[PDB]
>>> print(open('start_13.txt').read())   # compact mmCIF, C-alpha atoms and all ligand atoms
# COMPACT_ATOMS: atom_id res chain seq x y z
CA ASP I 41 -23.78 -1.97 0.95
CA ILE I 42 -21.92 -0.84 4.08
CA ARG I 43 -20.20 2.16 2.44
CA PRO I 44 -22.14 4.02 -0.27
CA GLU I 45 -20.01 7.01 0.79
CA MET I 46 -17.90 6.31 -2.31
CA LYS I 47 -17.79 3.67 -5.03
CA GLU I 48 -14.69 4.32 -7.21
CA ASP I 49 -12.88 1.18 -5.94
CA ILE I 50 -15.50 -1.47 -6.76
CA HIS I 51 -14.35 -3.89 -9.45
CA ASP I 52 -15.84 -3.08 -12.84
CA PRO I 53 -15.98 -6.38 -14.77
CA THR I 54 -17.36 -4.74 -17.93
CA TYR I 55 -13.96 -3.18 -18.60
CA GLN I 56 -11.51 -5.35 -20.52
CA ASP I 57 -8.44 -4.72 -22.67
CA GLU I 58 -9.81 -4.04 -26.17
CA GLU I 59 -7.63 -1.32 -27.77
CA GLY I 60 -5.46 -3.45 -30.04
CA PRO I 61 -1.87 -4.50 -29.35
CA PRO I 62 -0.26 -2.92 -26.28
CA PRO I 63 2.32 -0.24 -27.15
CA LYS I 64 5.90 -1.06 -26.26
CA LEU I 65 7.10 -0.10 -22.79
CA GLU I 66 8.87 3.27 -22.58
CA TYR I 67 11.86 3.21 -20.22
CA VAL I 68 12.33 6.11 -17.79
CA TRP I 69 16.05 6.22 -17.13
CA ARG I 70 16.04 8.64 -14.17
CA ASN I 71 14.14 6.05 -12.09
CA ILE I 72 16.15 3.00 -13.20
CA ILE I 73 19.44 4.31 -11.86
CA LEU I 74 17.97 5.52 -8.55
CA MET I 75 16.13 2.24 -7.95
CA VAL I 76 19.37 0.41 -8.80
CA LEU I 77 21.46 2.56 -6.45
CA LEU I 78 18.82 2.33 -3.72
CA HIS I 79 18.78 -1.47 -3.75
CA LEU I 80 22.57 -1.36 -3.87
CA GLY I 81 22.67 1.08 -0.95
CA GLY I 82 20.06 -1.09 0.71
CA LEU I 83 22.10 -4.20 -0.06
CA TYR I 84 25.29 -2.59 1.25
CA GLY I 85 23.46 -1.65 4.44
CA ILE I 86 22.73 -5.35 4.99
CA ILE I 87 26.38 -6.36 5.30
CA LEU I 88 26.79 -3.40 7.68
CA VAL I 89 23.95 -4.53 9.97
CA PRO I 90 26.09 -6.72 12.31
CA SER I 91 28.30 -3.67 13.03
CA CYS I 92 25.34 -1.53 14.15
CA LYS I 93 24.54 -0.34 17.65
CA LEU I 94 21.41 -2.00 19.01
CA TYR I 95 19.42 1.24 19.07
CA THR I 96 20.08 1.70 15.33
CA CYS I 97 18.35 -1.61 14.59
CA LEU I 98 15.36 -0.95 16.87
CA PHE I 99 15.00 2.57 15.44
CA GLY I 100 14.96 1.07 11.95
CA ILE I 101 12.23 -1.38 12.91
CA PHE I 102 10.10 1.30 14.57
CA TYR I 103 10.62 3.47 11.49
CA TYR I 104 9.73 0.54 9.24
CA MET I 105 6.66 0.05 11.45
CA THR I 106 5.57 3.70 11.42
CA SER I 107 6.02 4.11 7.66
CA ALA I 108 4.11 0.85 7.29
CA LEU I 109 1.06 2.27 9.11
CA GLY I 110 1.33 5.48 7.05
CA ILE I 111 0.61 3.28 4.02
CA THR I 112 -1.66 0.51 5.34
CA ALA I 113 -3.89 2.39 7.78
CA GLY I 114 -3.18 5.74 6.14
CA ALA I 115 -3.02 5.79 2.35
CA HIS I 116 -4.65 2.40 1.73
CA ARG I 117 -7.62 2.00 4.08
CA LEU I 118 -8.42 5.57 5.13
CA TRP I 119 -7.94 7.62 1.95
CA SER I 120 -8.08 5.17 -0.97
CA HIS I 121 -11.02 3.11 0.30
CA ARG I 122 -12.65 5.39 2.93
CA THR I 123 -13.32 2.31 5.11
CA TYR I 124 -13.43 4.41 8.29
CA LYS I 125 -13.33 7.97 9.60
CA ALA I 126 -10.40 9.49 11.49
CA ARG I 127 -10.06 12.58 13.65
CA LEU I 128 -7.43 15.29 13.14
CA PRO I 129 -4.73 13.91 15.53
CA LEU I 130 -4.60 10.42 14.02
CA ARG I 131 -4.76 11.87 10.50
CA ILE I 132 -1.76 14.06 11.33
CA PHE I 133 0.26 11.10 12.61
CA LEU I 134 -0.79 9.15 9.50
CA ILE I 135 0.05 11.96 7.08
CA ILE I 136 3.54 12.20 8.57
CA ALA I 137 4.07 8.44 8.69
CA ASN I 138 3.02 8.31 5.03
CA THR I 139 5.67 10.91 4.22
CA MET I 140 8.35 8.79 5.87
CA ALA I 141 7.31 5.87 3.66
CA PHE I 142 7.81 7.85 0.41
CA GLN I 143 5.37 6.25 -2.04
CA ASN I 144 4.23 9.51 -3.65
CA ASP I 145 1.74 11.78 -1.91
CA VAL I 146 -1.66 10.51 -0.85
CA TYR I 147 -3.71 11.93 -3.74
CA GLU I 148 -1.36 10.32 -6.26
CA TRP I 149 -1.29 7.11 -4.19
CA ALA I 150 -5.06 6.61 -3.99
CA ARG I 151 -5.64 7.54 -7.64
CA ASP I 152 -3.24 4.79 -8.75
CA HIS I 153 -4.91 2.43 -6.28
CA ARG I 154 -8.54 3.36 -6.96
CA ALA I 155 -7.73 2.52 -10.57
CA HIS I 156 -5.99 -0.69 -9.47
CA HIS I 157 -9.23 -1.91 -7.88
CA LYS I 158 -11.80 -0.75 -10.44
CA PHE I 159 -9.77 -1.75 -13.50
CA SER I 160 -7.75 -4.60 -12.01
CA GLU I 161 -5.65 -6.78 -14.34
CA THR I 162 -6.25 -4.38 -17.26
CA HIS I 163 -4.07 -1.77 -18.94
CA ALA I 164 -5.85 0.78 -16.74
CA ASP I 165 -4.37 -1.11 -13.77
CA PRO I 166 -1.15 0.80 -12.93
CA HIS I 167 0.54 -2.44 -11.80
CA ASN I 168 -1.22 -4.86 -14.20
CA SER I 169 -0.22 -8.20 -12.68
CA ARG I 170 -0.89 -9.91 -16.02
CA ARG I 171 2.17 -8.20 -17.52
CA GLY I 172 4.36 -10.25 -15.19
CA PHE I 173 5.93 -10.34 -11.73
CA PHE I 174 8.75 -7.89 -12.45
CA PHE I 175 6.41 -5.29 -13.96
CA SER I 176 3.93 -5.29 -11.06
CA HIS I 177 6.64 -5.42 -8.37
CA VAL I 178 8.94 -2.55 -9.38
CA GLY I 179 8.82 -2.29 -13.19
CA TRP I 180 5.66 -0.19 -13.41
CA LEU I 181 7.62 2.59 -11.66
CA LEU I 182 10.38 2.49 -14.31
CA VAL I 183 8.30 2.75 -17.52
CA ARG I 184 5.49 5.01 -18.67
CA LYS I 185 1.89 4.34 -17.75
CA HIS I 186 -0.54 2.93 -20.29
CA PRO I 187 -2.92 5.63 -21.59
CA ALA I 188 -5.71 3.50 -20.11
CA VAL I 189 -4.40 4.31 -16.61
CA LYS I 190 -4.48 8.05 -17.31
CA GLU I 191 -7.74 7.91 -19.27
CA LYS I 192 -9.89 5.54 -17.20
CA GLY I 193 -8.36 6.50 -13.87
CA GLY I 194 -8.86 10.15 -14.78
CA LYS I 195 -12.60 9.46 -14.73
CA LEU I 196 -12.54 8.32 -11.09
CA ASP I 197 -13.97 10.75 -8.57
CA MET I 198 -11.24 12.23 -6.37
CA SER I 199 -13.43 15.01 -4.95
CA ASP I 200 -13.23 13.64 -1.39
CA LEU I 201 -9.42 13.70 -1.32
CA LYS I 202 -9.39 17.02 -3.19
CA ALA I 203 -11.68 18.43 -0.48
CA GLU I 204 -9.60 17.27 2.49
CA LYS I 205 -7.32 20.08 3.63
CA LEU I 206 -4.67 17.81 5.18
CA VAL I 207 -4.24 15.55 2.13
CA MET I 208 -3.80 18.66 -0.01
CA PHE I 209 -1.39 20.13 2.53
CA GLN I 210 0.81 17.07 1.99
CA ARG I 211 0.50 17.44 -1.78
CA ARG I 212 1.61 21.09 -1.75
CA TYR I 213 4.70 20.46 0.39
CA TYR I 214 5.46 16.80 -0.36
CA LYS I 215 8.95 17.25 -1.85
CA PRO I 216 10.49 18.78 1.33
CA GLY I 217 8.57 16.33 3.49
CA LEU I 218 9.96 13.17 1.92
CA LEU I 219 13.53 14.50 1.92
CA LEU I 220 13.20 15.21 5.64
CA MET I 221 11.22 12.16 6.70
CA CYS I 222 12.64 9.37 4.54
CA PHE I 223 16.33 10.25 4.22
CA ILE I 224 17.53 13.15 6.40
CA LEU I 225 15.83 12.57 9.75
CA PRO I 226 16.25 8.75 10.06
CA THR I 227 19.96 9.33 9.33
CA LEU I 228 20.62 12.24 11.68
CA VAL I 229 18.64 10.74 14.59
CA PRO I 230 20.80 7.60 15.00
CA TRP I 231 23.87 9.67 14.19
CA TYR I 232 23.19 12.01 17.14
CA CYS I 233 21.00 10.22 19.69
CA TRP I 234 23.26 7.19 20.20
CA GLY I 235 26.19 8.06 17.93
CA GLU I 236 25.76 5.59 15.08
CA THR I 237 28.35 6.38 12.43
CA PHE I 238 27.01 8.31 9.44
CA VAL I 239 27.85 5.44 7.09
CA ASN I 240 25.65 3.11 9.15
CA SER I 241 22.73 5.50 9.70
CA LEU I 242 22.71 6.23 5.97
CA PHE I 243 22.86 2.63 4.76
CA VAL I 244 21.06 0.73 7.54
CA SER I 245 18.65 3.23 9.07
CA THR I 246 17.72 4.73 5.70
CA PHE I 247 18.56 2.85 2.51
CA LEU I 248 17.93 -0.67 3.81
CA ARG I 249 14.94 0.50 5.85
CA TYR I 250 13.39 2.36 2.93
CA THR I 251 14.26 -0.53 0.62
CA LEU I 252 12.48 -2.87 3.02
CA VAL I 253 9.37 -0.69 3.36
CA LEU I 254 9.43 -0.30 -0.43
CA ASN I 255 9.78 -3.99 -1.28
CA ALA I 256 7.43 -5.15 1.47
CA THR I 257 4.79 -2.94 -0.19
CA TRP I 258 5.52 -4.14 -3.73
CA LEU I 259 4.92 -7.74 -2.62
CA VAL I 260 1.21 -6.88 -2.36
CA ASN I 261 1.17 -6.24 -6.12
CA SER I 262 3.57 -8.94 -7.31
CA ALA I 263 3.27 -11.95 -4.98
CA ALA I 264 -0.32 -11.34 -3.81
CA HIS I 265 -1.52 -11.36 -7.45
CA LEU I 266 0.08 -14.76 -8.25
CA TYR I 267 0.89 -16.99 -5.24
CA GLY I 268 -1.61 -17.97 -2.53
CA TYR I 269 -5.16 -19.27 -2.15
CA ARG I 270 -8.42 -17.70 -3.34
CA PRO I 271 -10.96 -18.69 -0.67
CA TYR I 272 -13.32 -15.80 -1.41
CA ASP I 273 -13.24 -15.27 -5.20
CA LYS I 274 -11.60 -17.74 -7.60
CA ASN I 275 -12.36 -15.38 -10.52
CA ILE I 276 -9.84 -12.65 -9.64
CA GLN I 277 -6.04 -12.75 -9.35
CA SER I 278 -5.66 -11.53 -5.76
CA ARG I 279 -4.45 -14.15 -3.30
CA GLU I 280 -4.19 -14.89 0.42
CA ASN I 281 -0.42 -15.06 0.90
CA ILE I 282 0.38 -15.20 4.60
CA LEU I 283 4.01 -14.12 4.26
CA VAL I 284 2.86 -10.90 2.58
CA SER I 285 0.63 -10.04 5.55
CA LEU I 286 3.64 -10.44 7.84
CA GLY I 287 5.98 -8.03 6.07
CA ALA I 288 3.16 -5.69 4.99
CA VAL I 289 1.72 -5.59 8.56
CA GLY I 290 -1.64 -7.07 7.51
CA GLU I 291 -2.18 -6.19 3.83
CA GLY I 292 -1.55 -9.77 2.71
CA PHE I 293 -5.18 -10.92 2.52
CA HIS I 294 -5.44 -9.40 -0.93
CA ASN I 295 -8.09 -11.87 -2.15
CA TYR I 296 -10.45 -10.88 0.65
CA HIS I 297 -9.47 -7.24 0.23
CA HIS I 298 -10.01 -7.14 -3.53
CA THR I 299 -13.43 -8.74 -3.00
CA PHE I 300 -14.35 -6.50 -0.05
CA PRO I 301 -12.36 -3.30 -0.70
CA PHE I 302 -14.60 -1.49 1.81
CA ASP I 303 -13.74 -3.72 4.77
CA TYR I 304 -11.52 -1.74 7.13
CA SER I 305 -9.67 -4.92 8.10
CA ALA I 306 -8.59 -5.92 4.56
CA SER I 307 -9.29 -9.43 5.89
CA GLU I 308 -11.96 -11.70 7.32
CA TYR I 309 -10.23 -11.81 10.72
CA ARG I 310 -9.58 -8.54 12.50
CA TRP I 311 -6.36 -9.24 14.42
CA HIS I 312 -5.01 -12.28 12.52
CA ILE I 313 -1.55 -11.34 11.18
CA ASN I 314 -3.11 -7.90 10.69
CA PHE I 315 -1.16 -5.51 12.92
CA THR I 316 -2.69 -2.65 10.94
CA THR I 317 -6.26 -3.47 11.97
CA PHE I 318 -4.99 -3.89 15.53
CA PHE I 319 -3.54 -0.37 15.35
CA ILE I 320 -6.73 0.99 13.78
CA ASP I 321 -8.68 -0.71 16.57
CA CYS I 322 -6.51 1.02 19.21
CA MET I 323 -7.13 4.48 17.75
CA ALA I 324 -10.79 3.44 17.83
CA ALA I 325 -10.43 2.68 21.53
CA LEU I 326 -8.82 6.10 22.10
CA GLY I 327 -11.69 7.86 20.28
CA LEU I 328 -9.65 8.97 17.24
CA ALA I 329 -11.20 6.48 14.78
CA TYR I 330 -14.81 5.37 14.40
CA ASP I 331 -17.14 3.98 11.72
CA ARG I 332 -14.90 0.95 11.16
CA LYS I 333 -16.75 -0.73 8.29
CA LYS I 334 -16.45 -4.52 8.47
CA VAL I 335 -18.40 -7.00 6.31
CA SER I 336 -21.05 -9.27 7.84
CA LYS I 337 -20.32 -12.98 8.26
CA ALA I 338 -23.41 -13.89 6.21
CA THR I 339 -22.30 -11.80 3.22
CA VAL I 340 -18.80 -13.29 3.40
CA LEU I 341 -19.94 -16.91 3.79
CA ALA I 342 -22.50 -16.60 0.98
CA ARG I 343 -19.73 -15.10 -1.17
CA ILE I 344 -17.39 -18.00 -0.33
CA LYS I 345 -20.18 -20.41 -1.30
CA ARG I 346 -20.68 -18.61 -4.63
CA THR I 347 -17.32 -17.65 -6.16
CA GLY I 348 -14.89 -19.16 -3.64
CA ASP I 349 -12.38 -21.85 -4.58
CA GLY I 350 -13.17 -23.82 -1.42
CA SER I 351 -9.89 -23.53 0.48
CA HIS I 352 -11.71 -21.58 3.20
CA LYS I 353 -13.02 -24.76 4.83
CA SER I 354 -9.61 -25.11 6.44
CA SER I 355 -10.05 -21.77 8.24
CA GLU I 356 -13.82 -21.96 8.97
CA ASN I 357 -14.31 -20.56 12.49
CA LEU I 358 -10.82 -20.32 13.91
CA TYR I 359 -11.22 -16.80 15.31
CA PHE I 360 -14.33 -15.00 16.50
CA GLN I 361 -13.39 -11.96 14.38
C1 LIG R 1 5.27 -2.18 4.61
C2 LIG R 1 4.00 -1.54 4.16
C3 LIG R 1 3.14 -2.47 3.28
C4 LIG R 1 2.02 -1.70 2.50
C5 LIG R 1 1.15 -2.62 1.62
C6 LIG R 1 0.27 -1.80 0.63
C7 LIG R 1 -0.72 -2.70 -0.21
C8 LIG R 1 -1.79 -1.84 -0.98
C9 LIG R 1 -2.52 -2.61 -2.12
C10 LIG R 1 -1.87 -2.81 -3.28
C11 LIG R 1 -0.42 -2.28 -3.41
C12 LIG R 1 -0.32 -0.68 -3.47
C13 LIG R 1 1.14 -0.22 -3.35
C14 LIG R 1 1.64 0.55 -4.61
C15 LIG R 1 2.19 1.94 -4.23
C16 LIG R 1 3.73 2.00 -4.36
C17 LIG R 1 4.22 3.44 -4.70
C18 LIG R 1 5.78 3.51 -4.66
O1 LIG R 1 6.42 2.62 -4.16
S1 LIG R 1 6.61 5.00 -5.38
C19 LIG R 1 8.37 5.04 -4.78
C20 LIG R 1 8.89 6.55 -4.79
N1 LIG R 1 8.20 7.25 -5.89
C21 LIG R 1 8.52 6.83 -7.25
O2 LIG R 1 9.32 5.94 -7.42
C22 LIG R 1 7.85 7.50 -8.47
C23 LIG R 1 8.12 6.79 -9.81
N2 LIG R 1 6.97 6.96 -10.74
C24 LIG R 1 7.12 7.84 -11.87
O3 LIG R 1 8.13 8.41 -12.05
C25 LIG R 1 5.94 7.99 -12.83
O4 LIG R 1 4.78 8.00 -12.08
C26 LIG R 1 5.94 6.75 -13.76
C27 LIG R 1 7.30 6.61 -14.45
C28 LIG R 1 5.66 5.47 -12.98
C29 LIG R 1 4.82 6.93 -14.82
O5 LIG R 1 5.25 7.93 -15.75
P1 LIG R 1 4.05 8.64 -16.65
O6 LIG R 1 4.56 9.96 -17.16
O7 LIG R 1 3.65 7.76 -17.80
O8 LIG R 1 2.75 8.91 -15.63
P2 LIG R 1 2.75 10.13 -14.48
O9 LIG R 1 3.92 11.09 -14.77
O10 LIG R 1 2.88 9.55 -13.08
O11 LIG R 1 1.29 10.97 -14.58
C30 LIG R 1 1.21 12.10 -15.43
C31 LIG R 1 -0.23 12.35 -15.71
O12 LIG R 1 -0.82 11.23 -16.04
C32 LIG R 1 -2.22 11.25 -15.31
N3 LIG R 1 -2.35 10.24 -14.48
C33 LIG R 1 -1.37 9.52 -13.93
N4 LIG R 1 -1.87 8.58 -13.14
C34 LIG R 1 -3.20 8.70 -13.18
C35 LIG R 1 -4.27 8.02 -12.57
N5 LIG R 1 -4.00 6.90 -11.67
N6 LIG R 1 -5.51 8.38 -12.82
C36 LIG R 1 -5.74 9.40 -13.64
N7 LIG R 1 -4.77 10.08 -14.24
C37 LIG R 1 -3.51 9.76 -14.03
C38 LIG R 1 -2.25 12.60 -14.55
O13 LIG R 1 -2.78 13.67 -15.41
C39 LIG R 1 -0.96 12.85 -14.33
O14 LIG R 1 -0.76 14.28 -14.12
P3 LIG R 1 -0.79 14.84 -12.53
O15 LIG R 1 -0.26 13.75 -11.60
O16 LIG R 1 -2.23 15.18 -12.16
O17 LIG R 1 0.06 16.08 -12.41
FE FE R 2 -4.16 -5.84 -5.83
FE FE R 3 -6.92 -1.73 -1.78
>>> encode(input="start_13.txt", output="structure tokens")
Amino acid sequence: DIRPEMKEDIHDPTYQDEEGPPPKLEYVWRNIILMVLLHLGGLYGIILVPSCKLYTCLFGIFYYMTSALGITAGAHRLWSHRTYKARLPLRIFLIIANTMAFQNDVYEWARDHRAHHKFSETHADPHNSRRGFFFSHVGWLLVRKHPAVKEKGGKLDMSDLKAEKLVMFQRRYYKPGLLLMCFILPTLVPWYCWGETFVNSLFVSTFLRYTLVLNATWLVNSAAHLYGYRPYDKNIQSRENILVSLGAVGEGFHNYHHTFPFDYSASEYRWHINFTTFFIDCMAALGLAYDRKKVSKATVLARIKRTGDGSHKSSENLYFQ
């Protein structure tokens, strides 16, 4: 019990789907067209990529990287799971980086996630993997949420995020933030700083980039809940897919993370394909993050022995941490 600070992300196994047949999905047509156009505009930006100035590509990667941290170190580990404490400067960089990533504000992000952990693979899970790959990748954003999500998730404590002034600052002014950070500024910066043509900055440095931060994130719900190993808990659906960790800068050890949702590393190994933990460990070094809550090797090993599927004994002691 390394974090009794909060407890609204611990898996509740007593909950199961027991409300009769699931109501039919309700399509939301505003989202469908935008998500279509986006992945078109992202796809069109791909054929444009060879005709881009070098700085435009690097800027895109940096922007992909910064938005990544705004979700992995920011929304996921700091605010949804409370796995460490951050000082004002880092939290300001994170709250901006989050706004470039455009995955709703932080209060609405963590609520959907805190429900995803507690009520995983149920109708109260906002991206119920058991509905299918498409649903949990992008489809959950195109149809209405099961009443279980609203009902059960509404009973989760969000007092901590309610009582943080910076998370609520984002919430109040989120609409102008995302327009500036996700679409306007990463288009005008390449357009001015090194003269990338507007058609390229819009479709490479914005639509493709956002489409790649978007899809890289959705792979943690779709792929990580189907393909991979289960060294730590064979009884859940979260997996250790290494590719996911690569694109999602560390959040690919979903089987560990769903078992140990309080570990600040989201993984057994601190720096292994986990650029996010590395970043978090640098802020630690600079005195802007402390109380990095990692799980003891005895608790992990005993948990592998209990509910593990036994694939771990091909990674047993390959890094110190
Ligand atoms: C490279 C980085 C890698 C990162 C790796 C991360 C791994 C982390 C671990 C695992 C993965 C986590 C990643 C998932 C996050 C991805 C998020 C995005 O990508 S968003 C893209 C842009 N934004 C949209 O596209 C919005 C589209 N969504 C919508 O339009 C609606 O939300 C929609 C259609 C999905 C649902 O429609 P409805 O009307 O049925 O539900 P509604 O409108 O959202 O909520 C209304 C009321 O329902 C309650 N309610 C909803 N959700 C609740 C909850 N979770 N708990 C309690 N009550 C809830 C609340 O009362 C809420 O009202 P009140 O928000 O307070 O004003
Ligand atoms: Fe998950
Ligand atoms: Fe999580």
>>> closest_residue(input="start_13.txt", among="I:71, I:227, I:107, I:160", to="residue 254 in chain I", atoms="all atoms listed in the file")
I:107
>>> atom_distance(input="start_13.txt", atom1="CA of residue 306 in chain I", atom2="CA of residue 181 in chain I")
24.5 Å
>>> atom_distance(input="start_13.txt", atom1="CA of residue 44 in chain I", atom2="CA of residue 154 in chain I")
15.2 Å
>>> axis_aligned_box(input="start_13.txt", around="range 186-202 of chain I", padding_each_side="6 Å", output="lines of an AutoDock Vina configuration file")
center_x = -7.3
center_y = 10.0
center_z = -11.5
size_x = 25.4
size_y = 26.1
size_z = 32.3
>>> residues_near_point(input="start_13.txt", point="(-15.9, -12.6, 2.8)", cutoff="12 Å", atoms="only C-alpha atoms", output="short mmCIF file (atom, residue, chain, number, x, y, z; two decimals) with C-alpha atoms, keeping the file's coordinate frame")
data_model
loop_
_atom_site.label_atom_id
_atom_site.label_comp_id
_atom_site.auth_asym_id
_atom_site.auth_seq_id
_atom_site.Cartn_x
_atom_site.Cartn_y
_atom_site.Cartn_z
CA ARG I 270 -8.42 -17.70 -3.34
CA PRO I 271 -10.96 -18.69 -0.67
CA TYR I 272 -13.32 -15.80 -1.41
CA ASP I 273 -13.24 -15.27 -5.20
CA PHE I 293 -5.18 -10.92 2.52
CA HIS I 294 -5.44 -9.40 -0.93
CA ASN I 295 -8.09 -11.87 -2.15
CA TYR I 296 -10.45 -10.88 0.65
CA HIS I 297 -9.47 -7.24 0.23
CA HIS I 298 -10.01 -7.14 -3.53
CA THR I 299 -13.43 -8.74 -3.00
CA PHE I 300 -14.35 -6.50 -0.05
CA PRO I 301 -12.36 -3.30 -0.70
CA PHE I 302 -14.60 -1.49 1.81
CA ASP I 303 -13.74 -3.72 4.77
CA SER I 305 -9.67 -4.92 8.10
CA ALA I 306 -8.59 -5.92 4.56
CA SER I 307 -9.29 -9.43 5.89
CA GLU I 308 -11.96 -11.70 7.32
CA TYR I 309 -10.23 -11.81 10.72
CA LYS I 334 -16.45 -4.52 8.47
CA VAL I 335 -18.40 -7.00 6.31
CA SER I 336 -21.05 -9.27 7.84
CA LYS I 337 -20.32 -12.98 8.26
CA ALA I 338 -23.41 -13.89 6.21
CA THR I 339 -22.30 -11.80 3.22
CA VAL I 340 -18.80 -13.29 3.40
CA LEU I 341 -19.94 -16.91 3.79
CA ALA I 342 -22.50 -16.60 0.98
CA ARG I 343 -19.73 -15.10 -1.17
CA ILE I 344 -17.39 -18.00 -0.33
CA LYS I 345 -20.18 -20.41 -1.30
CA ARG I 346 -20.68 -18.61 -4.63
CA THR I 347 -17.32 -17.65 -6.16
CA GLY I 348 -14.89 -19.16 -3.64
CA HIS I 352 -11.71 -21.58 3.20
CA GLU I 356 -13.82 -21.96 8.97
CA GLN I 361 -13.39 -11.96 14.38
#
>>> residues_around(input="start_13.txt", residues="residue 262 in chain I", least_positions_apart="6", cutoff="8 Å", atoms="only C-alpha atoms", output="PyMOL selection string")
chain I and resi 169+173-174+176-177
>>> closest_atom_pairs(input="start_13.txt", of="range 236-300 of chain I", to="range 314-332 of chain I", cutoff="7 Å", atoms="all atoms listed in the file", output="CSV")
residue,atom,partner,partner_atom,distance
I:285,CA,I:314,CA,6.7
I:289,CA,I:315,CA,5.2
I:290,CA,I:314,CA,3.6
>>> residues_near_ligand(input="start_13.txt", ligand="ligand LIG 1 (chain R)", cutoff="8 Å", atoms="only C-alpha atoms and all ligand atoms", output="VMD selection string")
chain I and resid 68 71 75 104 to 105 107 to 109 111 to 112 116 142 to 144 148 to 156 166 to 167 178 180 to 187 189 to 196 252 to 261 287 to 292 294
>>> atom_distance(input="start_13.txt", atom1="CA of residue 119 in chain I", atom2="CA of residue 222 in chain I")
20.8 Å
>>> closest_residue(input="start_13.txt", among="I:90, I:62, I:53, I:114", to="ligand FE 3 (chain R)", atoms="only C-alpha atoms and all ligand atoms")
I:114
>>> closest_residue(input="start_13.txt", among="I:92, I:50, I:42, I:276", to="ligand FE 3 (chain R)", atoms="all atoms listed in the file")
I:50
>>> residues_around(input="start_13.txt", residues="range 230-246 of chain I", least_positions_apart="2", cutoff="6 Å", atoms="all atoms listed in the file", output="JSON list (two decimals) with C-alpha atoms, keeping the file's coordinate frame")
[["chain", "number", "residue", "atom", "x", "y", "z"],
["I", 81, "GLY", "CA", 22.67, 1.08, -0.95],
["I", 85, "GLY", "CA", 23.46, -1.65, 4.44],
["I", 96, "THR", "CA", 20.08, 1.70, 15.33],
["I", 100, "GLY", "CA", 14.96, 1.07, 11.95],
["I", 223, "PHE", "CA", 16.33, 10.25, 4.22],
["I", 227, "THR", "CA", 19.96, 9.33, 9.33],
["I", 228, "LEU", "CA", 20.62, 12.24, 11.68],
["I", 248, "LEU", "CA", 17.93, -0.67, 3.81],
["I", 249, "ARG", "CA", 14.94, 0.50, 5.85],
["I", 250, "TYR", "CA", 13.39, 2.36, 2.93]]
>>> closest_residue(input="start_13.txt", among="I:127, I:51, I:265, I:117", to="ligand FE 2 (chain R)", atoms="only C-alpha atoms and all ligand atoms")
I:265
>>> closest_residue(input="start_13.txt", among="I:355, I:218, I:283, I:161", to="ligand FE 2 (chain R)", atoms="all atoms listed in the file")
I:161
>>> residues_near_point(input="start_13.txt", point="(-12.5, 15.9, 4.4)", cutoff="12 Å", atoms="only C-alpha atoms", output="VMD selection string")
chain I and resid 118 to 119 122 125 to 128 131 198 to 208
>>> closest_residue(input="start_13.txt", among="I:67, I:159, I:209, I:311", to="ligand FE 2 (chain R)", atoms="all atoms listed in the file")
I:159
>>> residues_around(input="start_13.txt", residues="residue 219 in chain I", least_positions_apart="5", cutoff="9 Å", atoms="all atoms listed in the file", output="list in words")
residues 139, 140, 142, 214, 224 and 225 of chain I
>>> build_atoms(input="start_13.txt", residues="range 71-78 of chain I", atoms="N, CA, C and O atoms", output="PDB file, keeping the file's coordinate frame")
ATOM      1  N   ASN I  71      14.588   6.954 -13.149  1.00  0.00           N
ATOM      2  CA  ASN I  71      14.140   6.050 -12.090  1.00  0.00           C
ATOM      3  C   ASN I  71      15.015   4.801 -12.007  1.00  0.00           C
ATOM      4  O   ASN I  71      15.317   4.319 -10.907  1.00  0.00           O
ATOM      5  N   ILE I  72      15.415   4.259 -13.162  1.00  0.00           N
ATOM      6  CA  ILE I  72      16.150   3.000 -13.200  1.00  0.00           C
ATOM      7  C   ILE I  72      17.436   3.096 -12.393  1.00  0.00           C
ATOM      8  O   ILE I  72      17.769   2.195 -11.616  1.00  0.00           O
ATOM      9  N   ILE I  73      18.169   4.194 -12.551  1.00  0.00           N
ATOM     10  CA  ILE I  73      19.440   4.310 -11.860  1.00  0.00           C
ATOM     11  C   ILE I  73      19.224   4.488 -10.358  1.00  0.00           C
ATOM     12  O   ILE I  73      19.918   3.870  -9.542  1.00  0.00           O
ATOM     13  N   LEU I  74      18.250   5.313  -9.973  1.00  0.00           N
ATOM     14  CA  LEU I  74      17.970   5.520  -8.550  1.00  0.00           C
ATOM     15  C   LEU I  74      17.530   4.223  -7.887  1.00  0.00           C
ATOM     16  O   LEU I  74      18.041   3.857  -6.821  1.00  0.00           O
ATOM     17  N   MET I  75      16.585   3.509  -8.506  1.00  0.00           N
ATOM     18  CA  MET I  75      16.130   2.240  -7.950  1.00  0.00           C
ATOM     19  C   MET I  75      17.261   1.222  -7.880  1.00  0.00           C
ATOM     20  O   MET I  75      17.327   0.424  -6.935  1.00  0.00           O
ATOM     21  N   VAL I  76      18.155   1.229  -8.874  1.00  0.00           N
ATOM     22  CA  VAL I  76      19.370   0.410  -8.800  1.00  0.00           C
ATOM     23  C   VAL I  76      20.192   0.808  -7.584  1.00  0.00           C
ATOM     24  O   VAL I  76      20.432  -0.002  -6.680  1.00  0.00           O
ATOM     25  N   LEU I  77      20.620   2.072  -7.542  1.00  0.00           N
ATOM     26  CA  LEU I  77      21.460   2.560  -6.450  1.00  0.00           C
ATOM     27  C   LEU I  77      20.820   2.300  -5.095  1.00  0.00           C
ATOM     28  O   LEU I  77      21.488   1.851  -4.157  1.00  0.00           O
ATOM     29  N   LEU I  78      19.519   2.577  -4.975  1.00  0.00           N
ATOM     30  CA  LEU I  78      18.820   2.330  -3.720  1.00  0.00           C
ATOM     31  C   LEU I  78      18.994   0.892  -3.261  1.00  0.00           C
ATOM     32  O   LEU I  78      19.431   0.635  -2.133  1.00  0.00           O
TER      33      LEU I  78
END
